[PDB]
Number of protein chains: 2
Amino acid sequence: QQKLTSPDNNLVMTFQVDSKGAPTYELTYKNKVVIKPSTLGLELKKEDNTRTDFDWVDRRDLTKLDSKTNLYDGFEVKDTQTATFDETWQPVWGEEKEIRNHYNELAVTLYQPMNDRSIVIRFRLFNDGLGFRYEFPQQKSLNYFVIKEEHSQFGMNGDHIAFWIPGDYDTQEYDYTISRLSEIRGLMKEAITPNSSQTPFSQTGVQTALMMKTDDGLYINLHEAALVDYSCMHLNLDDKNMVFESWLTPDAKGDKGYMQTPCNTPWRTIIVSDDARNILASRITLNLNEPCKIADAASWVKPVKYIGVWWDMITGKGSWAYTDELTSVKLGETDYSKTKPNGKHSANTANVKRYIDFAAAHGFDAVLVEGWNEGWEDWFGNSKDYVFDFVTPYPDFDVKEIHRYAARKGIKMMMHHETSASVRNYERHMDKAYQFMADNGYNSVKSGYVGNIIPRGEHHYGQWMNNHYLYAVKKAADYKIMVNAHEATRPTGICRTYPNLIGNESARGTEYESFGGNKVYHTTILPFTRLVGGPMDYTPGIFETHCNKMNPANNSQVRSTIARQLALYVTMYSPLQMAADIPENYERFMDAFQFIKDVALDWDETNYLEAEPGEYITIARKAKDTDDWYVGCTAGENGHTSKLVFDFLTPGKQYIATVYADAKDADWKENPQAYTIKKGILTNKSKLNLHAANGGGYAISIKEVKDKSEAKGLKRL
Amino acid sequence: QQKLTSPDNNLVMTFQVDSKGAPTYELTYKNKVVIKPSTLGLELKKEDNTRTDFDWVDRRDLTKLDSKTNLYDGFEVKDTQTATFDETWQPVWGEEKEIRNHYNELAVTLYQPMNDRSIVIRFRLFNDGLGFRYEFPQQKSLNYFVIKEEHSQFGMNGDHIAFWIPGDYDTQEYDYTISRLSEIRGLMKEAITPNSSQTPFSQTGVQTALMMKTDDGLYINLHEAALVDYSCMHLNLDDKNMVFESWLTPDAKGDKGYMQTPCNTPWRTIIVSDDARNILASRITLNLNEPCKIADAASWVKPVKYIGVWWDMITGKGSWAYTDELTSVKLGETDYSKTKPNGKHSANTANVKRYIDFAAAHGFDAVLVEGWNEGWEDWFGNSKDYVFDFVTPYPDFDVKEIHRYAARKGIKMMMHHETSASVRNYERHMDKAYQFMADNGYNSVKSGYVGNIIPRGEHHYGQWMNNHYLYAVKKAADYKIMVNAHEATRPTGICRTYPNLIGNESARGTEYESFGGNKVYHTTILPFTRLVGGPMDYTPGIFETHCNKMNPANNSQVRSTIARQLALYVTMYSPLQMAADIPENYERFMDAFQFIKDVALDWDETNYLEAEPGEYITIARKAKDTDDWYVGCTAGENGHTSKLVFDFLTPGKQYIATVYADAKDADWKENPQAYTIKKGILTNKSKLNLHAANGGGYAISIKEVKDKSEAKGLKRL
Ligand SMILES: [Ca+2]
Ligand SMILES: [Ca+2]
């Protein structure tokens, strides 16, 4: 047996091969079993019965074709290597200024006599978790191979409580379900709600990052890191033995990965602690990704706070389309200048300029505009190939005028590249599209992949599409363009390597609050799941929570109080933050809007004050390069009472604190717009009791006093 | 019923809708049945049961979802329109200076009550055949649809003799089989030989252009024209009732075409005559294609006679790869400058310069070089995605020096873009690849798609790939680049619309003469099948027919005599002609090589003197802008005796004729290099008796005397 221990001795990973040569590992935390003996390995696709060289001669051993499919047992430990790593690095943007990468490593070389080939399984043990991956060295016996299935197991020590969404190859926009592992099977049917593109794979399949809470006080998170040149990993539960196992996303032919040595699988991670706050504080995912590959990133990659012509179309008040009189359109043939405007097209110059005015007046960085280009008439569900060209504006969208105006106002326009899931079409137009952005002042783009993937047969999270998503990001970096990709595979920390990937949706966002609503506890779960691996463009900030005010036919209601929406700018971390409501609605609650105007986007420090998945999350962050702090609390269906202790503030300093909280009897459903704002003085000796209503929360801006003229007339809170 | 007659009254097409509302047509030639009553129509893929708009509301008639799949019956004639067209046009390059487009047309509008939608079937009847297609007007009830199967029938009046190759979605590189329609089923297994990428679909499936000969003296050719934005059509035979039916190529999900109205299917053609020579003379395929879309085509599109560093690798004498010491390579990682040359890499500067020297010395236009770029080590059968970058040369290939040297010699280098069937990879690199060509003096490119298509699941001839092949040609046109695409879907006359597509292989070429050989009668069939729709880069000109002389491990023998190889420059039409052997071998038979040096590539007139599929083809062509004629005869297994009458020559003129013929004892197998060359005078009163040996033929250059001094010493032949 091989034993690996964490730097603090709290975690121990034991490895060995069983009597049939199957790699097996187990993990304990403070003497408590986290991962029971679980096997590791893969099954490879069998080679063609007949495969000939160019000279029409098959020189292969046809007697070993079946044996070659086995990459899961028959292994012998040939060699082992250990090492310790302890270095700190600084992210371009993040929750803290510096991240420490400290782990003890064990690399096991496994030789498989029957196939005369070897692989390496590398384990890295941190004080907050374990990460492992398979490595395939270049060798005479292993070069090109196809993965049939990966068989990485994660054996649970009990019937834990899980916070999960249905395993799916095409969408992650599902509401979370909280249940025992043994209850997943019976709840799967109702957990799978309708979506434009979805492919569930098992009655007990779930997506990662998967969050769990054990009966013996532990919090466990299962996920992956550095998903590159490989298919996305989901988890399939054996609910008899309570074992989760890797289930990769198949391509159009059912295969799960084309490999060429030397190559590695992404890392698989088990983050664990007896303190839920430590799950949020873990940086294992980022630490397992390759260091930044954009040498000059710091010079152009920057956080973005924005508003946009968007909610109009999401709610149904306005449209992305320019005209309604065409049964379909054909780019390059349809003459839009001869079509009749539907009178609902929000992406028109005059309206866009009004948004620019608002953004500039309130200190925002950019304005997003959707529906600016030809083609939106057919954007939804037609499996249309030549759906957009990403460069031709509608008759009522003056690209140059809008650029000139935005620039004069100190605002940047955020480009929108909805692809309607037509991927070859996007790649064919990508260089021209990025050049168009460069030529017209756009340095950030929100992309999208709504609908079933084209090439038809592929899924959103297969190896093929993962290659596309990264290709788009790498090409964007060459143009010094930042990317926010919706519908893409959920993040796994690749932002460390390519900091220009400032966001993804890849989970159920605020848009669904207009499609029936999101569960009240949704934002008390996302940080423990979706946010592990990268930020989310959740688009918070809805003040008029009744969608019927935007569109009479839309009776959806946002499940939140105004105060909780403010809190999300702190509890839903992201260097990309949108104030999603329309300008006129914010102008009706300008006193509350002040927090959105004040809140920072990048941080030097983050303190997770309180955290319990599905119930509440309270976070305090220190704005980068400042002595100012921002606090936010988001609560579930039962609300939450906080007894805050501001001892994290600097001793001897005075702070101007503004508390935005739920008013008495506030309620996400019956009284969402009831809030109070209190301004006073805070110090590291201050203590405050605040109550977050059901589906409520609170936000606090804490600015260091710079001139004594600020604390005039203010009292200690 | 409706009646449509050819301009000369010889052909009659009768159209009618039967009792169940199914469109039906029949065709007669000189009162003989060519096509028995056959139905026309298509079945569409059923729409998903639950499809919703963006508002989450299904606005469809769930009761109509089943009847909407029917686009084959329940029709009624709503309107009919007739018209006559008679115009002449001039191809940029071709077999004659002018082509006449003369037909009588009948357009039938068919309304389908149950689905409240209409389609149009347009028929065009020429003196040599019928063409028809389906048209789908844009209408409220027909916009986006997917084709399940096309059901275009071609009912035969008997058990004809057919010249066919196995129906296949991935290759056409099969030898032809000559048999009765009733014998196809029993011969299919042996007809399907091994290939790098192949997907047969039926025991009675064959490909088009399909050629047949009837017992009542007719020659019938079934094919299609203008295969654009649609899947390739093959034919499936009902060998019980002798009915051929359209069988389209499926995509990765099994579907056969994504359509969007207004749209049309390609044309389906039936070329018929009681004289086989008239099948070769038909221009129906080109006439049914859209007029030229390259405005300045005449200024840059030009025929090309070339040689190349190619046969070396095909025979195994040399290699495409630079080194043999690596199990695999990774572009951007593998440092070739540090690898050991295998000493077999033919694409090296010095060797290339020698080819350029030979090309310039003998009047050739270009030199093709394969194996010039990084990556060839892994080009075959690995289903490798990032296989080539199309721009990085190997250490021993000096791009700039070769460019300078070729330019100095008045030679152009032909670029080689083998993609190894990795299509997304080629598209991602295409603009840079074409720009590289432009920057380095390459104005023509030979592309290739060897291996199973990537995206994996697609076939070489599906709608997806057809889009790619045309995309490559259209983009090339923007760079003023000519394209010769191997492994692409066989031509259907699109060269009329895009004249820069100067070639395709898309059939069994000379390369297979090194892989065991082609059938002796192969070239007596290709003009009746493969050449209908476009020229072929057959790469004739092999003088040393024993491949073991290039590589001792290769015992393949070219099934031809030297004289027949010369004939192919006239009998295998193409504006792109290669002299495929190595310079050293041509230097052994320089007297015979003279014909290859003299023969033209473009023609003002073509006279098909003799023609019988599978037995012999004799053609005389007048070189464009000259009074010179070139003649070629290719024969099958039994040879052929020709009694030539040169009355096509101009009265009163004298011609210097050189006859390259098989020796009396010549034989493709036992005595292939035995030939005679006779030079003399020819006039329109001349008559010559020539015999083509088994697998032999002959070639004749007939140059008009410009200066009497050139005829001195010459006698009449
Ligand atoms: Ca979305
Ligand atoms: Ca080929």
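Numbers and lists here come from the model and the stated rules, or from a named source; these are not laboratory values. All Cβ positions, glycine included, derive from the backbone under ideal geometry; neighbour counts span all protein chains shown.
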Subset of the stretch B:489-530, residues part of a loop (DSSP other than H, G, I, E, B), of a type in the set (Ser, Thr, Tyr), more than 23 Å from residue B:161 (Cα to Cα) and out of contact with any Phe, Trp or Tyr (no Cβ under 7 Å at 6 or more places or on another chain), comes to B:492, B:497, B:498, B:506
Counting only residues in the stretch A:477-488 that are part of a loop (DSSP other than H, G, I, E, B) and farther than 19 Å from residue A:529 by Cβ, the one nearest to ligand 1 (Cβ to nearest atom) is identified as A:481
Scan the stretch B:484-501 and give yes if some residue there is within 14 Å of chain A (Cβ to nearest Cβ) and basic (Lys, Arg), otherwise no. no
Filtering the stretch A:57-82 down to residues that are within 14 Å of chain B (Cβ to nearest Cβ) and surrounded by 11 or more Cβ atoms within 10 Å (Cβ to Cβ) yields A:58, A:60
In the stretch A:616-646, anything surrounded by fewer than 19 Cβ atoms within 10 Å (Cβ to Cβ) and either over 21 Å from residue A:96 (Cβ atoms) or under 25 Å from the mean Cα position of the chain (by Cα) (or both) is listed as A:624, A:637, A:638, A:641, A:643
Those residues of the stretch A:325-344 which are away from chain B (no Cβ under 12 Å), more than 16 Å from residue A:380 (Cβ to Cβ) and surrounded by 14 or more Cβ atoms within 10 Å (Cβ to Cβ) amount to A:336, A:339, A:341
All-but-one check, residue A:534 against (1) more than 14 Å from every other protein chain (Cβ to nearest Cβ); (2) more than 15 Å from residue A:579 (Cα to Cα); (3) within 13 Å of ligand 1 (Cβ to nearest atom), failing number (3)
If we ask which residues in the stretch B:81-94 are closer than 19 Å to residue B:127 by Cα and either in the same structural domain as residue B:577 (by CATH) or of a type outside the set (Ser, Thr, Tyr) (or both), their number turns out to be 5
Considering residues that are within 16 Å of ligand 2 (Cβ to nearest atom), within 14 Å of chain A (Cβ to nearest Cβ) and part of a strand (DSSP E or B), the number found within the stretch B:432-462 is 1
When every residue in the stretch B:237-275 that is polar (S, T, N, Q) and over 21 Å from the mean Cα position of the chain (by Cα) is compared, the one surrounded by the fewest Cβ atoms within 10 Å (Cβ to Cβ) is B:241
Taking the stretch B:157-190 and the residues there that are in contact with a helix residue (DSSP H, G or I) (Cβ under 7 Å, 6 or more places away or on another chain) and more than 25 Å from residue B:538 (Cβ to Cβ), the one that is farthest from ligand 1 (Cβ to nearest atom) would be B:159
From the option list B:371, B:381, B:410, B:375, single residue qualifying as under 17 Å from residue B:307 (Cβ atoms) and within 14 Å of chain A (Cβ to nearest Cβ) is B:371
Those residues of the stretch B:403-423 which are surrounded by 19 or more Cβ atoms within 10 Å (Cβ to Cβ), in a helix (DSSP H, G or I) and in contact with a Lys or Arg (Cβ under 7 Å, 6 or more places away or on another chain) amount to B:406
Quick count over the stretch B:345-355, residues being among the β-branched types (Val, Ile, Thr) and surrounded by fewer than 23 Cβ atoms within 10 Å (Cβ to Cβ), is 1
Here the qualifying pairs (Cβ atoms under 6 Å; residues six or more apart or on different chains; first in the stretch B:509-522 and under 16 Å from residue B:548 (Cα atoms); second more than 12 Å from ligand 2 (Cβ to nearest atom) and assigned to a helix (DSSP H, G or I)) come out as B:514/B:315; B:514/B:547
The helices (runs of 4 or more DSSP H) lying entirely within the stretch B:269-378 that contain at least 2 residues which are more than 30 Å from residue A:261 (Cβ to Cβ) and among the aromatic types (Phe, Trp, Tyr) are B:349-361
> Does residue B:465 fit the bill of being within 16 Å of ligand 2 (Cβ to nearest atom), in a helix (DSSP H, G or I) and within 30 Å of residue A:463 (Cβ to Cβ)?
Replying inline: yes
Those residues of the stretch B:654-687 which are farther than 20 Å from residue B:599 by Cα and not polar (S, T, N, Q) amount to B:663, B:664, B:665, B:666, B:667, B:668, B:669, B:670, B:672, B:674, B:685, B:687
When (1) within 16 Å of ligand 1 (Cβ to nearest atom); (2) surrounded by 23 or more Cβ atoms within 10 Å (Cβ to Cβ); (3) not charged (D, E, K, R) are applied to residue A:463, the one that fails is (1)
Checked pairs for the stretch A:288-308, first over 17 Å from residue A:493 (Cα atoms), second among the β-branched types (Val, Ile, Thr) and in a loop (DSSP other than H, G, I, E, B), C-beta under 6 Å and 6 or more apart or across chains, list as A:298/A:92
Checking A:471, A:512 in turn, the sole residue that is within 14 Å of another protein chain (Cβ to nearest Cβ), over 15 Å from the mean Cα position of the chain (by Cα) and within 16 Å of ligand 1 (Cβ to nearest atom) turns out to be A:512
Of the candidates B:584, B:610, the one satisfying the condition of being closer than 17 Å to residue B:696 by Cβ and outside any loop (DSSP other than H, G, I, E, B) is B:610
Per the filter on the stretch B:229-261, residues in a strand (DSSP E or B) and small (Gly, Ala, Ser) are B:246
